[PDB]
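A single chain comes next, written as C-alpha cells; it is the form deposited in one PDB entry.
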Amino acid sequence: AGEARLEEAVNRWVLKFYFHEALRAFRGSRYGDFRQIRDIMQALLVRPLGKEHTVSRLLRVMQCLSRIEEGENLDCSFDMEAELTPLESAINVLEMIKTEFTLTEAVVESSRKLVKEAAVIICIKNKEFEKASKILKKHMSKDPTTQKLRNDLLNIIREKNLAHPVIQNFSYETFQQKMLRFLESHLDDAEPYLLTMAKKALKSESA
C-alpha cells in the first residue's frame, strides 16, 4: 500500500536519473553505455511508475533513440512484424510522438525526413534494394522539395550505385546526433534528483 507509493516515487527518480545518463551517453557517442542504460530502464518498466506525463514523453524519446541506435543493424526487430527494420520502427515511434506531444506536421517533418532518408540509405548500403524501394515508396514524401532526393535514391536503387555521392556522403553519426537534438527539445533541461543528491553527498567527503 504505502510501500508501493514509496516504491513508485523511487522508481520515477531512478528512471529519470538513468534517462539523463542515457542521453548523455548518446550525446557523447558512447552507444555501448546507452544500450546498457536502456536495458536498466527496460527492466524498470514492469514496475509501478504511476502517472507523470513527464515519463511518457521520457519513454517515447528512449523508444525512438533506441531504434535509431540500432538503426544500422537490419537483423534487429523492435516489432511484432519482422518486416520493420529499426528505422522504419523509429518512424512509427515518431508518429506516436507527434500525436502524443501534439506536434504539427511542420515541426515533425524535418526529423521525419531525416529518418526516412536514413532508412532507405541503410537498406541500400546492405544492398537490400527491394526493401529500400518499398520503404521509399510507402514513406517518401513526393513533395516538390524532396522529389530530387527521392529520384536520386530511386535511381541509385536502379543502378545499385552504392558509389553515388548521396550514399557516400551519408553520415549515420550526424544523423543520430541531429535526431537526439530534435527529441531533446521536447524535454525539460533539469537535473534529476538523484544526481543532485549525488553531487551534494559526494562533497560531504574529502581528502
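All residue numbers are counted from 1 along the displayed sequence. Think of the rigid core as the biggest set of C-alphas that the two forms share within 1.5 Å after superposition.
FYI, the form deposited in another entry isn't displayed, but the following is about it.
Among the candidates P48, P165, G28, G32, the CA atom that moves 2 angstroms or more between this form and the one not shown after core superposition belongs to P165 alone. Annotation for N155: C-alpha shift of 2 angstroms or more between this form and the one not shown, rigid core superposed. Cα of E52 to Cα of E184: at least 3 Å longer in that other deposited form than in the shown structure.
Compared with the form shown, the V166-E184 C-alpha separation increases in that other deposited form, the change being 3 Å or greater.
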